[PDB]
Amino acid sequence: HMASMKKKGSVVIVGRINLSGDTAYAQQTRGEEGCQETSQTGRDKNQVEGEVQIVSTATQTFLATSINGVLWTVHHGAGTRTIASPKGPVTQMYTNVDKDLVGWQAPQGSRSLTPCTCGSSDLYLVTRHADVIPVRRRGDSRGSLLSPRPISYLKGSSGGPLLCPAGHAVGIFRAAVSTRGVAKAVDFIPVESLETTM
């Protein structure tokens, strides 16, 4: 009934994939109890850094990537949820279920990737465990893993980036193409779609 209807919580930044140095590693910035509280209030005063965030809802965890001043992720993780911020919940500025894409204004302190203009097909996928996986681009929205992996290895990495050799954003990881539980290829949202959305 009306008076007791609940609201979904906010997406919460719980960590980041550190790519700044010579070693890529995942960093946690908030534990599970703090995550749950922050999702409910939508108020997150933690400092944000970096290009790739680890994000969570009450039920899922995935990645989000800043490109051109927007923190982008997948709709199948975020839905229409707000993101927690120092001043309270922030509404999505982009939502496109057809592309599986959402975005919010990038948090203060984040750094953004630049869309790739290289026209090159040797790519790198960054996972939530900070693995950097070589991917050969095979079409507008597909690339093949040079070394196939069980889907377990990729689960929770949607929203993360595919990058070119120079570290530009080429796309956002969306789905794994798997046969018998092995991912031989990935599907991604090309950066040009994000640029058109903007």
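Just count from 1 along the sequence shown to find any residue number.
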Next item on the list: Going by the average Cα B-factor in the PDB entry, point out whether 15-23 or 181-189 comes out higher.
Entry: 15-23
Notebook entry, point to check: Mean C-alpha B-factor higher for 154-162, or for 45-53?
Noted result: 45-53
Check: Checking the entry, which one of 139, 171, 69, 148 has the top C-alpha B factor?
Finding: 148
Next item on the list: Among 120, 112, 91, 73, single out the one with the highest C-alpha B factor in the record, please.
Entry: 120
Check: If you rank every modelled residue in this chain by C-alpha B factor, which third holds residue 99: lowest, middle or highest?
Finding: middle
Notebook entry, point to check: residue 144: which third of its chain by C-alpha temperature factor?
Noted result: middle
Next item on the list: Among all modelled residues of this chain, ranked by Cα B factor, put residue 38 in the bottom, middle or top third, i.e. lowest, middle or highest.
Entry: highest
Notebook entry, point to check: By its CA B factor, does residue 59 count among the lowest, middle or highest third of the modelled residues in the chain?
Noted result: highest
